[PDB]
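The next block is my_file-v2.cif, given as mmCIF, N, CA and C atoms.
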data_run
#
loop_
_atom_site.label_atom_id
_atom_site.label_comp_id
_atom_site.auth_asym_id
_atom_site.auth_seq_id
_atom_site.Cartn_x
_atom_site.Cartn_y
_atom_site.Cartn_z
N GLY A 1 69.07 29.67 18.22
CA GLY A 1 70.27 29.89 17.43
C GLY A 1 70.85 31.28 17.70
N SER A 2 71.25 31.50 18.94
CA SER A 2 71.82 32.77 19.33
C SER A 2 73.00 33.12 18.41
N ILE A 3 73.71 32.09 18.00
CA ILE A 3 74.86 32.27 17.13
C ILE A 3 74.40 32.15 15.67
N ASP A 4 73.30 31.44 15.48
CA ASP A 4 72.75 31.25 14.15
C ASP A 4 72.31 32.60 13.59
N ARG A 5 71.50 33.30 14.37
CA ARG A 5 70.99 34.60 13.97
C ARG A 5 72.11 35.64 14.04
N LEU A 6 73.19 35.26 14.70
CA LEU A 6 74.33 36.15 14.85
C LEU A 6 74.87 36.52 13.46
N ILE A 7 74.85 35.53 12.58
CA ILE A 7 75.33 35.74 11.22
C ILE A 7 74.39 36.68 10.48
N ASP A 8 73.11 36.60 10.84
CA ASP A 8 72.10 37.44 10.22
C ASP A 8 72.58 38.89 10.23
N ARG A 9 73.28 39.25 11.29
CA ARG A 9 73.80 40.60 11.43
C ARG A 9 75.08 40.76 10.61
N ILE A 10 75.74 39.64 10.38
CA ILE A 10 76.98 39.64 9.62
C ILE A 10 76.65 39.56 8.12
N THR A 11 75.48 39.00 7.84
CA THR A 11 75.04 38.85 6.46
C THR A 11 73.86 39.78 6.18
N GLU A 12 73.43 40.47 7.22
CA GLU A 12 72.32 41.40 7.10
C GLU A 12 72.42 42.18 5.78
N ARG A 13 73.65 42.35 5.32
CA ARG A 13 73.89 43.06 4.08
C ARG A 13 73.03 42.48 2.96
N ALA A 14 72.59 41.25 3.17
CA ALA A 14 71.76 40.57 2.18
C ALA A 14 70.31 41.01 2.36
N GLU A 15 69.74 40.60 3.49
CA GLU A 15 68.36 40.94 3.80
C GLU A 15 68.16 42.46 3.74
N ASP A 16 69.27 43.17 3.81
CA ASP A 16 69.23 44.63 3.77
C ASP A 16 68.58 45.07 2.45
N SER A 17 68.58 44.16 1.49
CA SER A 17 68.00 44.45 0.19
C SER A 17 67.21 43.24 -0.31
N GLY A 18 67.85 42.08 -0.21
CA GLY A 18 67.22 40.85 -0.65
C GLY A 18 68.04 39.63 -0.22
N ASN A 19 69.01 39.29 -1.06
CA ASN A 19 69.87 38.15 -0.78
C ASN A 19 70.60 37.74 -2.07
N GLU A 20 69.94 37.99 -3.19
CA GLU A 20 70.51 37.66 -4.48
C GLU A 20 71.58 38.68 -4.87
N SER A 21 72.70 38.62 -4.17
CA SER A 21 73.80 39.53 -4.44
C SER A 21 75.05 39.07 -3.68
N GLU A 22 74.83 38.63 -2.45
CA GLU A 22 75.92 38.17 -1.61
C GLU A 22 75.53 36.87 -0.90
N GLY A 23 74.45 36.27 -1.37
CA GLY A 23 73.96 35.03 -0.79
C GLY A 23 74.92 33.88 -1.08
N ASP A 24 76.15 34.04 -0.59
CA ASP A 24 77.17 33.03 -0.78
C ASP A 24 77.34 32.23 0.51
N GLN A 25 77.53 32.97 1.60
CA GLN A 25 77.71 32.35 2.90
C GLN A 25 76.35 31.93 3.49
N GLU A 26 75.44 32.90 3.51
CA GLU A 26 74.11 32.65 4.04
C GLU A 26 73.41 31.56 3.22
N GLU A 27 73.87 31.40 1.99
CA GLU A 27 73.30 30.40 1.10
C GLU A 27 72.96 29.13 1.88
N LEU A 28 73.80 28.83 2.86
CA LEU A 28 73.60 27.65 3.69
C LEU A 28 73.28 28.08 5.12
N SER A 29 73.86 29.21 5.51
CA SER A 29 73.64 29.74 6.84
C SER A 29 72.17 30.14 7.01
N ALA A 30 71.70 30.95 6.08
CA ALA A 30 70.32 31.41 6.11
C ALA A 30 69.38 30.20 6.14
N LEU A 31 69.93 29.06 5.76
CA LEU A 31 69.16 27.83 5.73
C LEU A 31 69.03 27.28 7.15
N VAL A 32 69.98 27.66 7.99
CA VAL A 32 69.98 27.22 9.38
C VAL A 32 69.27 28.27 10.24
N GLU A 33 69.90 29.43 10.35
CA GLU A 33 69.33 30.51 11.14
C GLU A 33 67.86 30.72 10.77
N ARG A 34 67.60 30.67 9.48
CA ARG A 34 66.25 30.86 8.98
C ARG A 34 65.77 29.60 8.25
N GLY A 35 64.50 29.29 8.45
CA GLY A 35 63.91 28.12 7.83
C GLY A 35 62.88 28.52 6.77
N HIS A 36 62.50 29.79 6.81
CA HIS A 36 61.53 30.32 5.86
C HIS A 36 62.25 30.78 4.59
N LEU A 37 63.57 30.79 4.67
CA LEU A 37 64.38 31.20 3.54
C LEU A 37 63.81 32.48 2.94
N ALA A 38 63.21 33.28 3.81
CA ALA A 38 62.62 34.54 3.39
C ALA A 38 63.04 35.65 4.35
N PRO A 39 64.37 35.94 4.35
CA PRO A 39 64.92 36.97 5.21
C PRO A 39 64.58 38.37 4.68
N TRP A 40 64.37 38.44 3.38
CA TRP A 40 64.03 39.70 2.74
C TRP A 40 62.51 39.80 2.66
N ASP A 41 61.88 38.67 2.38
CA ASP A 41 60.43 38.62 2.28
C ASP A 41 59.83 38.65 3.68
N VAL A 42 60.52 37.99 4.60
CA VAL A 42 60.06 37.94 5.98
C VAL A 42 58.54 37.77 6.00
N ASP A 43 58.08 36.74 5.32
CA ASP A 43 56.65 36.46 5.25
C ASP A 43 56.34 35.23 6.10
N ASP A 44 57.24 34.94 7.02
CA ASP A 44 57.07 33.79 7.90
C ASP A 44 57.80 34.06 9.22
N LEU A 45 57.37 35.12 9.90
CA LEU A 45 57.96 35.50 11.17
C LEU A 45 56.98 36.36 11.95
#

Reformat the file's structure so that it appears as structure tokens.
Amino acid sequence: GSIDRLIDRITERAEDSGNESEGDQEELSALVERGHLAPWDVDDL
């Protein structure tokens, strides 16, 4: 997902702290780019 993770940088603002603040777009995107739904926890990478 070269383009999938691309958003990660566009939404990084979320994982930059957690996600519960701007998790509007990634709400579904993070579901694609990421399957662990733990971009902040990153406990599955």

Would you give me, as a PDB file with N, CA and C atoms, keeping the file's coordinate frame, the residues in chain A that DSSP reads as alpha helix (DSSP H)?
ATOM      1  N   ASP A   4      73.300  31.440  15.480  1.00  0.00           N
ATOM      2  CA  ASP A   4      72.750  31.250  14.150  1.00  0.00           C
ATOM      3  C   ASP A   4      72.310  32.600  13.590  1.00  0.00           C
ATOM      4  N   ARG A   5      71.500  33.300  14.370  1.00  0.00           N
ATOM      5  CA  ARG A   5      70.990  34.600  13.970  1.00  0.00           C
ATOM      6  C   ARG A   5      72.110  35.640  14.040  1.00  0.00           C
ATOM      7  N   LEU A   6      73.190  35.260  14.700  1.00  0.00           N
ATOM      8  CA  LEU A   6      74.330  36.150  14.850  1.00  0.00           C
ATOM      9  C   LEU A   6      74.870  36.520  13.460  1.00  0.00           C
ATOM     10  N   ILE A   7      74.850  35.530  12.580  1.00  0.00           N
ATOM     11  CA  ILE A   7      75.330  35.740  11.220  1.00  0.00           C
ATOM     12  C   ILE A   7      74.390  36.680  10.480  1.00  0.00           C
ATOM     13  N   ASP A   8      73.110  36.600  10.840  1.00  0.00           N
ATOM     14  CA  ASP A   8      72.100  37.440  10.220  1.00  0.00           C
ATOM     15  C   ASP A   8      72.580  38.890  10.230  1.00  0.00           C
ATOM     16  N   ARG A   9      73.280  39.250  11.290  1.00  0.00           N
ATOM     17  CA  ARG A   9      73.800  40.600  11.430  1.00  0.00           C
ATOM     18  C   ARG A   9      75.080  40.760  10.610  1.00  0.00           C
ATOM     19  N   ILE A  10      75.740  39.640  10.380  1.00  0.00           N
ATOM     20  CA  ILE A  10      76.980  39.640   9.620  1.00  0.00           C
ATOM     21  C   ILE A  10      76.650  39.560   8.120  1.00  0.00           C
ATOM     22  N   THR A  11      75.480  39.000   7.840  1.00  0.00           N
ATOM     23  CA  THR A  11      75.040  38.850   6.460  1.00  0.00           C
ATOM     24  C   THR A  11      73.860  39.780   6.180  1.00  0.00           C
ATOM     25  N   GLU A  26      75.440  32.900   3.510  1.00  0.00           N
ATOM     26  CA  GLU A  26      74.110  32.650   4.040  1.00  0.00           C
ATOM     27  C   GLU A  26      73.410  31.560   3.220  1.00  0.00           C
ATOM     28  N   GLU A  27      73.870  31.400   1.990  1.00  0.00           N
ATOM     29  CA  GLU A  27      73.300  30.400   1.100  1.00  0.00           C
ATOM     30  C   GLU A  27      72.960  29.130   1.880  1.00  0.00           C
ATOM     31  N   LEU A  28      73.800  28.830   2.860  1.00  0.00           N
ATOM     32  CA  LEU A  28      73.600  27.650   3.690  1.00  0.00           C
ATOM     33  C   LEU A  28      73.280  28.080   5.120  1.00  0.00           C
ATOM     34  N   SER A  29      73.860  29.210   5.510  1.00  0.00           N
ATOM     35  CA  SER A  29      73.640  29.740   6.840  1.00  0.00           C
ATOM     36  C   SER A  29      72.170  30.140   7.010  1.00  0.00           C
ATOM     37  N   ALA A  30      71.700  30.950   6.080  1.00  0.00           N
ATOM     38  CA  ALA A  30      70.320  31.410   6.110  1.00  0.00           C
ATOM     39  C   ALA A  30      69.380  30.200   6.140  1.00  0.00           C
ATOM     40  N   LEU A  31      69.930  29.060   5.760  1.00  0.00           N
ATOM     41  CA  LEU A  31      69.160  27.830   5.730  1.00  0.00           C
ATOM     42  C   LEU A  31      69.030  27.280   7.150  1.00  0.00           C
ATOM     43  N   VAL A  32      69.980  27.660   7.990  1.00  0.00           N
ATOM     44  CA  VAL A  32      69.980  27.220   9.380  1.00  0.00           C
ATOM     45  C   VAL A  32      69.270  28.270  10.240  1.00  0.00           C
ATOM     46  N   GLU A  33      69.900  29.430  10.350  1.00  0.00           N
ATOM     47  CA  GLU A  33      69.330  30.510  11.140  1.00  0.00           C
ATOM     48  C   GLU A  33      67.860  30.720  10.770  1.00  0.00           C
TER      49      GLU A  33
END

Review point. To one decimal place, how far is atom N of residue 31 in chain A from CA of residue 5 in chain A in Å?
Key: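 So the answer is 10.0 Å.
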
I'd like the residues picked by the PyMOL selection byres (((chain A and resi 11 and name CA) around 12) and name CA) written out as a PDB file with N, CA and C atoms, in the coordinates of the input, using the chain letters and numbers from the file.
ATOM      1  N   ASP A   4      73.300  31.440  15.480  1.00  0.00           N
ATOM      2  CA  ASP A   4      72.750  31.250  14.150  1.00  0.00           C
ATOM      3  C   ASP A   4      72.310  32.600  13.590  1.00  0.00           C
ATOM      4  N   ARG A   5      71.500  33.300  14.370  1.00  0.00           N
ATOM      5  CA  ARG A   5      70.990  34.600  13.970  1.00  0.00           C
ATOM      6  C   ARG A   5      72.110  35.640  14.040  1.00  0.00           C
ATOM      7  N   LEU A   6      73.190  35.260  14.700  1.00  0.00           N
ATOM      8  CA  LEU A   6      74.330  36.150  14.850  1.00  0.00           C
ATOM      9  C   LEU A   6      74.870  36.520  13.460  1.00  0.00           C
ATOM     10  N   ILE A   7      74.850  35.530  12.580  1.00  0.00           N
ATOM     11  CA  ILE A   7      75.330  35.740  11.220  1.00  0.00           C
ATOM     12  C   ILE A   7      74.390  36.680  10.480  1.00  0.00           C
ATOM     13  N   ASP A   8      73.110  36.600  10.840  1.00  0.00           N
ATOM     14  CA  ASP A   8      72.100  37.440  10.220  1.00  0.00           C
ATOM     15  C   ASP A   8      72.580  38.890  10.230  1.00  0.00           C
ATOM     16  N   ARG A   9      73.280  39.250  11.290  1.00  0.00           N
ATOM     17  CA  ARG A   9      73.800  40.600  11.430  1.00  0.00           C
ATOM     18  C   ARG A   9      75.080  40.760  10.610  1.00  0.00           C
ATOM     19  N   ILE A  10      75.740  39.640  10.380  1.00  0.00           N
ATOM     20  CA  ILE A  10      76.980  39.640   9.620  1.00  0.00           C
ATOM     21  C   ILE A  10      76.650  39.560   8.120  1.00  0.00           C
ATOM     22  N   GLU A  12      73.430  40.470   7.220  1.00  0.00           N
ATOM     23  CA  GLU A  12      72.320  41.400   7.100  1.00  0.00           C
ATOM     24  C   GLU A  12      72.420  42.180   5.780  1.00  0.00           C
ATOM     25  N   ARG A  13      73.650  42.350   5.320  1.00  0.00           N
ATOM     26  CA  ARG A  13      73.890  43.060   4.080  1.00  0.00           C
ATOM     27  C   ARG A  13      73.030  42.480   2.960  1.00  0.00           C
ATOM     28  N   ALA A  14      72.590  41.250   3.170  1.00  0.00           N
ATOM     29  CA  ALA A  14      71.760  40.570   2.180  1.00  0.00           C
ATOM     30  C   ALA A  14      70.310  41.010   2.360  1.00  0.00           C
ATOM     31  N   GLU A  15      69.740  40.600   3.490  1.00  0.00           N
ATOM     32  CA  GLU A  15      68.360  40.940   3.800  1.00  0.00           C
ATOM     33  C   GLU A  15      68.160  42.460   3.740  1.00  0.00           C
ATOM     34  N   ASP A  16      69.270  43.170   3.810  1.00  0.00           N
ATOM     35  CA  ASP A  16      69.230  44.630   3.770  1.00  0.00           C
ATOM     36  C   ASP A  16      68.580  45.070   2.450  1.00  0.00           C
ATOM     37  N   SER A  17      68.580  44.160   1.490  1.00  0.00           N
ATOM     38  CA  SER A  17      68.000  44.450   0.190  1.00  0.00           C
ATOM     39  C   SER A  17      67.210  43.240  -0.310  1.00  0.00           C
ATOM     40  N   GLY A  18      67.850  42.080  -0.210  1.00  0.00           N
ATOM     41  CA  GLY A  18      67.220  40.850  -0.650  1.00  0.00           C
ATOM     42  C   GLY A  18      68.040  39.630  -0.220  1.00  0.00           C
ATOM     43  N   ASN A  19      69.010  39.290  -1.060  1.00  0.00           N
ATOM     44  CA  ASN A  19      69.870  38.150  -0.780  1.00  0.00           C
ATOM     45  C   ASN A  19      70.600  37.740  -2.070  1.00  0.00           C
ATOM     46  N   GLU A  20      69.940  37.990  -3.190  1.00  0.00           N
ATOM     47  CA  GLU A  20      70.510  37.660  -4.480  1.00  0.00           C
ATOM     48  C   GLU A  20      71.580  38.680  -4.870  1.00  0.00           C
ATOM     49  N   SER A  21      72.700  38.620  -4.170  1.00  0.00           N
ATOM     50  CA  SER A  21      73.800  39.530  -4.440  1.00  0.00           C
ATOM     51  C   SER A  21      75.050  39.070  -3.680  1.00  0.00           C
ATOM     52  N   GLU A  22      74.830  38.630  -2.450  1.00  0.00           N
ATOM     53  CA  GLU A  22      75.920  38.170  -1.610  1.00  0.00           C
ATOM     54  C   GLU A  22      75.530  36.870  -0.900  1.00  0.00           C
ATOM     55  N   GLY A  23      74.450  36.270  -1.370  1.00  0.00           N
ATOM     56  CA  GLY A  23      73.960  35.030  -0.790  1.00  0.00           C
ATOM     57  C   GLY A  23      74.920  33.880  -1.080  1.00  0.00           C
ATOM     58  N   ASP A  24      76.150  34.040  -0.590  1.00  0.00           N
ATOM     59  CA  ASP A  24      77.170  33.030  -0.780  1.00  0.00           C
ATOM     60  C   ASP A  24      77.340  32.230   0.510  1.00  0.00           C
ATOM     61  N   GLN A  25      77.530  32.970   1.600  1.00  0.00           N
ATOM     62  CA  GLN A  25      77.710  32.350   2.900  1.00  0.00           C
ATOM     63  C   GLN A  25      76.350  31.930   3.490  1.00  0.00           C
ATOM     64  N   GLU A  26      75.440  32.900   3.510  1.00  0.00           N
ATOM     65  CA  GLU A  26      74.110  32.650   4.040  1.00  0.00           C
ATOM     66  C   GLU A  26      73.410  31.560   3.220  1.00  0.00           C
ATOM     67  N   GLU A  27      73.870  31.400   1.990  1.00  0.00           N
ATOM     68  CA  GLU A  27      73.300  30.400   1.100  1.00  0.00           C
ATOM     69  C   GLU A  27      72.960  29.130   1.880  1.00  0.00           C
ATOM     70  N   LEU A  28      73.800  28.830   2.860  1.00  0.00           N
ATOM     71  CA  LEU A  28      73.600  27.650   3.690  1.00  0.00           C
ATOM     72  C   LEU A  28      73.280  28.080   5.120  1.00  0.00           C
ATOM     73  N   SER A  29      73.860  29.210   5.510  1.00  0.00           N
ATOM     74  CA  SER A  29      73.640  29.740   6.840  1.00  0.00           C
ATOM     75  C   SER A  29      72.170  30.140   7.010  1.00  0.00           C
ATOM     76  N   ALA A  30      71.700  30.950   6.080  1.00  0.00           N
ATOM     77  CA  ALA A  30      70.320  31.410   6.110  1.00  0.00           C
ATOM     78  C   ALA A  30      69.380  30.200   6.140  1.00  0.00           C
ATOM     79  N   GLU A  33      69.900  29.430  10.350  1.00  0.00           N
ATOM     80  CA  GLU A  33      69.330  30.510  11.140  1.00  0.00           C
ATOM     81  C   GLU A  33      67.860  30.720  10.770  1.00  0.00           C
ATOM     82  N   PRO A  39      64.370  35.940   4.350  1.00  0.00           N
ATOM     83  CA  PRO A  39      64.920  36.970   5.210  1.00  0.00           C
ATOM     84  C   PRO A  39      64.580  38.370   4.680  1.00  0.00           C
ATOM     85  N   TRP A  40      64.370  38.440   3.380  1.00  0.00           N
ATOM     86  CA  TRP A  40      64.030  39.700   2.740  1.00  0.00           C
ATOM     87  C   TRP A  40      62.510  39.800   2.660  1.00  0.00           C
TER      88      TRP A  40
END

Practice item. Tell me, in Å to one decimal, how far atom N of residue 36 in chain A is from atom C of residue 2 in chain A. Key: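 We find that atom N of residue 36 in chain A and atom C of residue 2 in chain A lie 16.0 Å from each other.
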
With 6 Å of padding per side, what axis-aligned box (centre and edge lengths, Å, one decimal) covers all the listed atoms of range 20-25 of chain A? Give it as JSON.
{"center_x": 73.8, "center_y": 35.7, "center_z": -0.7, "size_x": 19.8, "size_y": 19.6, "size_z": 20.4}

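Atom N of residue 1 in chain A sits 10.8 Å away from atom N of residue 35 in chain A.
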